[PDB]
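Asks: Structure in structure tokens, see below.
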Amino acid sequence: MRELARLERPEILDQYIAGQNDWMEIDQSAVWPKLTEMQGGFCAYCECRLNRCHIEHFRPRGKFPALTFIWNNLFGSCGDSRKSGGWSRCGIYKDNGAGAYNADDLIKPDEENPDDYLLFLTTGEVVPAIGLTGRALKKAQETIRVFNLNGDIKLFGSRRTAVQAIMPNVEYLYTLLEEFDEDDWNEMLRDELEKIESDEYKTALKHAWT
Amino acid sequence: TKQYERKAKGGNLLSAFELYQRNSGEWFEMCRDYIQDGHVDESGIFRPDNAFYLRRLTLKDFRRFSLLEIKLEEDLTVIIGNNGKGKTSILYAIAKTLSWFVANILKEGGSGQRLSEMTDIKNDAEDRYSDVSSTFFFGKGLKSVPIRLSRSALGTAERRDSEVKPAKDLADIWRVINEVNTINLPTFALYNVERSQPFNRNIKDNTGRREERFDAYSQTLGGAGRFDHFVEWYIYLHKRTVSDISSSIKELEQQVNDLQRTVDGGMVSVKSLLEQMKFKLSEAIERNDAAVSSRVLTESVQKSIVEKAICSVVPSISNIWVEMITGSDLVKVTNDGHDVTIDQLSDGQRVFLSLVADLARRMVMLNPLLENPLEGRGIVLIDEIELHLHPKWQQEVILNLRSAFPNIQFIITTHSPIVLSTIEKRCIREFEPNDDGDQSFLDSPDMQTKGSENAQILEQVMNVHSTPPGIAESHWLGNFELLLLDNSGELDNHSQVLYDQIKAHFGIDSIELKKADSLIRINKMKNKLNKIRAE
Amino acid sequence: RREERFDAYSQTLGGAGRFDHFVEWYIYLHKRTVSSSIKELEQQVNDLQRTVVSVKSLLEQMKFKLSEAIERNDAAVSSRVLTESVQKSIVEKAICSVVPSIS
Ligand SMILES: Nc1ncnc2c1ncn2[C@@H]1O[C@H](COP(=O)(O)OP(=O)(O)O)[C@@H](O)[C@H]1O
Ligand SMILES: [Zn+2]
Numbered sequence: 034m035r036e037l038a039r040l041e042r043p044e045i046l047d048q049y050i051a052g053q054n055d056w057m058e059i060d061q062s063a064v065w066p067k068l069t070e071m072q073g074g075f076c077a078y079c080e081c082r083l084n085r086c087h088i089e090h091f092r093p094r095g096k097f098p099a100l101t102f103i104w105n106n107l108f109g110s111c112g113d114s115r116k117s118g119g120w121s122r123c124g125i126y127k128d129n130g131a132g133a134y135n136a137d138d139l140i141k142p143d144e145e146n147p148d149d150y151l152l153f154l155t156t157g158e159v160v161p162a163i164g165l166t167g168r169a170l171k172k173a174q175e176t177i178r179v180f181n182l183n184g185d186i187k188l189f190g191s192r193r194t195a196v197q198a199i200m201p202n203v204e205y206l207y208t209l210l211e212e213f214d215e216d217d218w219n220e221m222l223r224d225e226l227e228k229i230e231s232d233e234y235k236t237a238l239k240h241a242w243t
Numbered sequence: 019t020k021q022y023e024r025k026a027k028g029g030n031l032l033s034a035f036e037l038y039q040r041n042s043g044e045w046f047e048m049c050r051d052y053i054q055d056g057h058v059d060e061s062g063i064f065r066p067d068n069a070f071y072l073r074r075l076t077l078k079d080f081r082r083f084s085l086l087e088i089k090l091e092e093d094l095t096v097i098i099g100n101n102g103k104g105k106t107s108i109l110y111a112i113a114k115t116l117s118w119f120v121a122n123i124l125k126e127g128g129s130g131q132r133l134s135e136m137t138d139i140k141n142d143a144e145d146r147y148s149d150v151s152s153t154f155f156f157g158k159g160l161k162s163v164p165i166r167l168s169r170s171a172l173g174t175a176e177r178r179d180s181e182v183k184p185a186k187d188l189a190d191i192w193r194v195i196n197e198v199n200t201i202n203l204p205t206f207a208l209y210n211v212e213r214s215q216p217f218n219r220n221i222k223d224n225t226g227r228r229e230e231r232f233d234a235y236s237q238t239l240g241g242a243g244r245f246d247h248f249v250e251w252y253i254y255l256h257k258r259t260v261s262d263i264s265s266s267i268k269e270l271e272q273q274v275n276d277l278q279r280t281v282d283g284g285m286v287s288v289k290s291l292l293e294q295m296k297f298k299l300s301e302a303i304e305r306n307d308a309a310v311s312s313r314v315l316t317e318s319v320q321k322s323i324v325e326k327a328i329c330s331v332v333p334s335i336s337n338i339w340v341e342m343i344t345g346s347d348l349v350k351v352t353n354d355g356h357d358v359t360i361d362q363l364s365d366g367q368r369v370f371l372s373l374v375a376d377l378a379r380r381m382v383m384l385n386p387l388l389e390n391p392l393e394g395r396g397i398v399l400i401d402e403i404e405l406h407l408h409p410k411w412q413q414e415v416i417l418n419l420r421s422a423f424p425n426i427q428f429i430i431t432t433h434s435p436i437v438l439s440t441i442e443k444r445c446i447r448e449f450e451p452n453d454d455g456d457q458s459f460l461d462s463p464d465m466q467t468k469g470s471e472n473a474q475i476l477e478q479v480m481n482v483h484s485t486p487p488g489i490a491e492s493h494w495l496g497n498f499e500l501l502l503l504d505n506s507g508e509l510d511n512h513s514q515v516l517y518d519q520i521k522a523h524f525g526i527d528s529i530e531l532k533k534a535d536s537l538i539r540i541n542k543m544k545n546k547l548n549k550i551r552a553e
Numbered sequence: 006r007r008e009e010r011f012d013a014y015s016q017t018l019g020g021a022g023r024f025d026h027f028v029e030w031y032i033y034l035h036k037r038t039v040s041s042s043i044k045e046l047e048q049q050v051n052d053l054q055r056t057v058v059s060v061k062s063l064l065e066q067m068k069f070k071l072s073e074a075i076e077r078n079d080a081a082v083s084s085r086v087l088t089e090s091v092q093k094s095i096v097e098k099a100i101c102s103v104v105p106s107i108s
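Protein chains in written order, with this note's numbering: chain A, 34 to 243; chain B, 19 to 553; chain C, 6 to 108.
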């Protein structure tokens, strides 16, 4: 997961008020293009390419009905309740499959940098970052557990495979550091790091390259 | 003699037994201790001091084999190969040999099963006979127990006789010592593909043969087990657990006493009934005494052991119990969280349940003196272990079996790379793919299988490509790479078309497309390097 | 199993003379007698094997004839027996001679 930059707030959230209005009422096609600007057409938590996608309340509408029509609270997550059943990570699992959790002990990707908490191994596990204790460890652990970032075999598989595809190219660049002057080699690495913004699982590919 | 005495004191079991037979105390105890002594491991598992396993097998002019020699592992051996390589033939050969032990444990001079003149002789055998030679091990006292089964073809230039005396001699030791004092006995079983068979709901009324200890040897090497016998035996155990026998004896004793008082009071009409009740009491006491005399585990404990085994080994089954529904005893199971009858189980679940239940039953019956009867000794042959199992179960099946039955020698056949990924290469014996029946030794694969990727096992061990060769799309990424290499790494009109085809067929986030993208990127970088070097 | 000379004494004094046994036996004899040194036969089998698709049926027949010749050669003096063709013919003659209105 990525550090997201939440920039501008859409007009429609002003109109609807919590208590009176329900989430079934609000029009969703107004909300999406601002999220798609933020998130780049990728999921908030896992970084798949969004195709079946829903608006997710980071703090849910049951436990926090005050935090409902709040631009901070909304994120575009992979999965859909409507089109098919039994989705097993991210938004849908946080509610259904991840049972009890304190929402305070989760990484919120708009507020925080995830990179200090999470580490992506090239073998395709996501793990807590090197040298965390107490609360910083507990956030890393619970984020991994609640969004099901290792436990979804479909996701674990896809990420592992995506990284293992590029590991010849990583290996090969860091041989050529010997031969070239700095500014050409630094341009080469800048380029590869430019491409992976178009790619799925961009954080995991970054950790492989950098 | 003095020589036998020396060898016996040196720990030779046969010499000790011969001295026992001729003098018919000390020699008996020595033989019994050789068979019974063992220790509990650091892991809490009982381990016999003198293990029993098949060490070596040799096949001469048997079915497809002119000559084959196999060394077997003490714990687990897996035989792999293409269809028609003779994997099943190997298990059949072993089972026939084991039949000679079983026959002689049951009855003095019992005969095991013989090689078929029609099917077991190789079709183009010059010598027109077949031999199955096996060597067994039973502790340091008996390092070699050689057996040979032989059969000559119909035209009969000379009769070739089987040599089975060592099997008989060893089996005699088990039989005779057991007769004097109950000992634990080895389990021998074959589970071939015939274990897949529909379940009959109609459970046979208790004639009472299923409770006899040596019913454990009844069609053990037939290939299917007897799951019907399990169900009868399990219901029997349930009924006996609900009904205490000694209270029935006490109640019967009280009834006999009351009836005796009535007869003493002048009512001669009830004398016939008194005699019947005295008979019933004597029978109940005898059963109790026989139960007491057998040193056998309590029925409650037996039931619990088997239930635990089944639930541990069979993933979809969390509970098994006997219900009295209407006027009939019915076995029920909690399968995938729902209560169902055995007849409602899927074929895969039932087949696997049948195997484990049968094996557990036999082990409980043959190992009454062990705290955990499933830690008994024996040799179990399983053909096509993956039969009816989904990949998820294939990843757990070997681990679960070995955990439930730690001292059984398992000799198994498989076609599953998933199964092989859980087993060490030392346990694997592979036929070469181009074997025209004149391979002398089965050997271990070159690659380590345990913990290895499935794709690698398929290619390196089973000689199967990761992608299906008879599908055009299976070649596209390979062809794409070749086109890139042919055009000095630049994406030309032809390479672009194929790229678009890959994208269209496999999709935008497909592995195949990502590999293609990777190839483009790496080749561009290689070319940039080449240009910098040229300048 | 092959037919042994002393099968003639099997069930001779009880069990003899069942129609089904005859019919089975007779058809068997017919199939065998539908269509000669061992060395010559061995040479013919070898020549036919070298030629071997249309001659495969003939090769199988000749291999059978060779096996039979070897068996007869290997078979003991005490079990000496007439050819299956002759056996069939004698039985046919017996039946037609004895059984009224079967010609
Ligand atoms: N008597 C025989 N003579 C020659 N080949 C035989 C004989 N019996 C079986 N075979 C061969 O053995 C193979 C069957 O071996 P089998 O154990 O059933 O194979 P699998 O490894 O699939 O279990 C077939 O290819 C068959 O041609
Ligand atoms: Zn997601």
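All C-beta atoms in this analysis are idealised placements derived from N, C-alpha and C, irrespective of residue type, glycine included.
Does any CB atom of chain B fall closer than 8 Å to the CB of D79/C?
Replies: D79/C counts as touching chain B.
Asks: Got a sec? Which residues, its chain only, sit under 7 Å from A173/A by beta carbon, not counting five neighbours each side?
Replies: So the qualifying residues of the chain are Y150, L151, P161, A162, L165.
Asks: Near ligand 2, which residues have their beta-carbon closer than 5 Å to a heavy atom?
Replies: Listed by chain position, these are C76/A, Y78/A, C79/A, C111/A, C123/A.
Asks: Have a look at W65/A and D354/B and give me their C-alpha separation to the nearest angstrom.
Replies: Their Cα atoms are separated by approximately 41 Å.
Asks: Any idea which residues DSSP pairs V58/B with across the strands?
Replies: Note: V58/B sits in a beta bridge opposite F64/B.
Asks: Does the distance from the CB of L34/C to the CB of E89/C come in under 8 Å?
Replies: Yes, Cβ-Cβ distance for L34/C and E89/C is below 8 Å.
Asks: Could you check whether the Cβ of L133/B sits closer than 8 Å to any Cβ belonging to chain C?
Replies: By this cut-off, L133/B is not an interface position.
Asks: Any beta carbon from chain A within less than 8 Å of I538/B's own beta carbon?
Replies: Not one chain A Cβ lies under 8 Å of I538/B.
Asks: For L206/A versus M221/A, is the C-beta distance shorter than 8 Å?
Replies: Yes, they are a contact pair.
Asks: Would you check if there are 3 or more beta carbon pairs closer than 8 Å linking the region 56-70 of chain B to the region 217-231 of chain B?
Replies: The region 56-70 of chain B is not in contact with the region 217-231 of chain B.
Asks: Tell me, please, which residues DSSP counts as bridged to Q16/C.
Replies: Note: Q16/C sits in no beta bridge, so no partner.
Asks: Classify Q16/C: buried if its beta carbon has 16 or more other beta carbons within 10 angstroms, exposed otherwise.
Replies: Exposed, because fewer than 16 other Cβ atoms sit within 10 Å of the Cβ of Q16/C.
Asks: In this structure, does DSSP put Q519/B in helix, strand or coil?
Replies: Correct three-state label for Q519/B: helix.
Asks: May I ask you to report which of helix, strand or coil DSSP gives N481/B?
Replies: DSSP places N481/B in coil when its eight states are reduced to three.
Asks: Determine whether the Cβ of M465/B lies closer than 8 Å to any Cβ atom of chain A.
Replies: Chain A contact via Cβ: absent.
Asks: Check distances from the C-beta atoms of the region 511-535 of chain B to those of chain A and list, in chain order, the residues that come in under 9 Å.
Replies: So the list reads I526, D527, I529, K532, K533, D535, given in the order they occur along the chain.
Asks: Does any heavy atom of ligand 1 sit closer than 7 Å to the C-beta of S107/B?
Replies: Within the cutoff, so yes.
Asks: Starting from the beta carbon of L172/B, find every residue of chain C whose beta carbon is closer than 8 Å, and list them in chain order.
Replies: Neighbours of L172/B on chain C, chain order: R6, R7.
Asks: Mapping the DSSP letters down to three states, classify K141/A as helix, strand or coil.
Replies: DSSP places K141/A in coil when its eight states are reduced to three.
Asks: Could you pull out every unbroken beta strand (DSSP E) segment of at least 3 residues lying fully inside the region 364-435 of chain B, listed in chain order?
Replies: Complete beta strand (DSSP E) runs here, min 3: 396-400, 426-431.
Asks: Flag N183/A as yes if its beta-carbon sits less than 8 Å from any beta-carbon of chain B, otherwise no.
Replies: With 8 Å as the cut-off, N183/A does not count as an interface residue toward chain B.
Asks: Would you check whether ligand 1 has a heavy atom nearer than 7 Å to the C-beta of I98/B?
Replies: Incorrect: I98/B has no Cβ contact closer than 7 Å to ligand 1.
Asks: Who does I88/A pair with in a DSSP beta bridge?
Replies: For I88/A, which the question treats as bridged, DSSP gives the partners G109/A.
Asks: Does the distance from the C-beta atom of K533/B to that of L495/B stay below 8 Å?
Replies: Closer than 8 Å, so yes.
Asks: Closer than 6 Å by C-beta to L37/A: which residues in its own chain qualify, once you throw out the five before and the five after it? Chain order, please.
Replies: Hits under 6 Å: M71, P142, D143.
Asks: For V182/B, which residues of its own chain have a beta-carbon under 8 Å away from its beta-carbon, when the five flanking residues on both sides are left out?
Replies: Excluding residues within five positions, the ones whose Cβ falls inside 8 Å are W118, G130, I165, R166, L167.
Asks: Against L209/A, what residues of chain B qualify as contacts under a CB-to-CB distance less than 7 Å, listed in chain order?
Replies: Within 7 Å Cβ-Cβ: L547.
Asks: Would you say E233/A faces chain F, with C-beta separation under 8 Å as the test?
Replies: Annotation note: the requested chain F is absent from the structure, which comprises protein chains A, B and C.
Asks: Alpha carbons only, please: which of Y126/A, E225/A, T194/A is nearest the one belonging to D185/A?
Replies: With distances taken between Cα atoms, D185/A lies closest to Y126/A.
Asks: With DSSP as the reference, please indicate the residues paired to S168/B in a beta bridge.
Replies: DSSP lists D149/B as partners of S168/B.
Asks: If you measure between the beta carbons of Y49/A and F102/A, is that distance less than 8 Å?
Replies: Yes, Cβ-Cβ distance for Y49/A and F102/A is below 8 Å.
Asks: Should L399/B and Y209/B be called a contact, given that it needs their Cβ atoms to be closer than 8 Å?
Replies: Yes, these two residues count as a Cβ contact at 8 Å.
Asks: Hey, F206/B and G394/B: beta-carbon distance below 8 Å or not?
Replies: Taking 8 Å as the Cβ cut-off, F206/B and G394/B do not qualify as a contacting pair.
Asks: Return helix, strand or coil for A207/B, following the three-state DSSP convention.
Replies: The answer is strand: DSSP assigns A207/B an E or B state.
Asks: May I ask whether a heavy atom of ligand 1 can be found less than 7 Å away from the beta carbon of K25/B?
Replies: No, the beta carbon of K25/B sits no closer than 7 Å to any heavy atom of ligand 1.
Asks: Using only CA atoms, which one of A111/B, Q39/B, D453/B lies nearest to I429/B?
Replies: Cα-wise, what sits closest to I429/B is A111/B.
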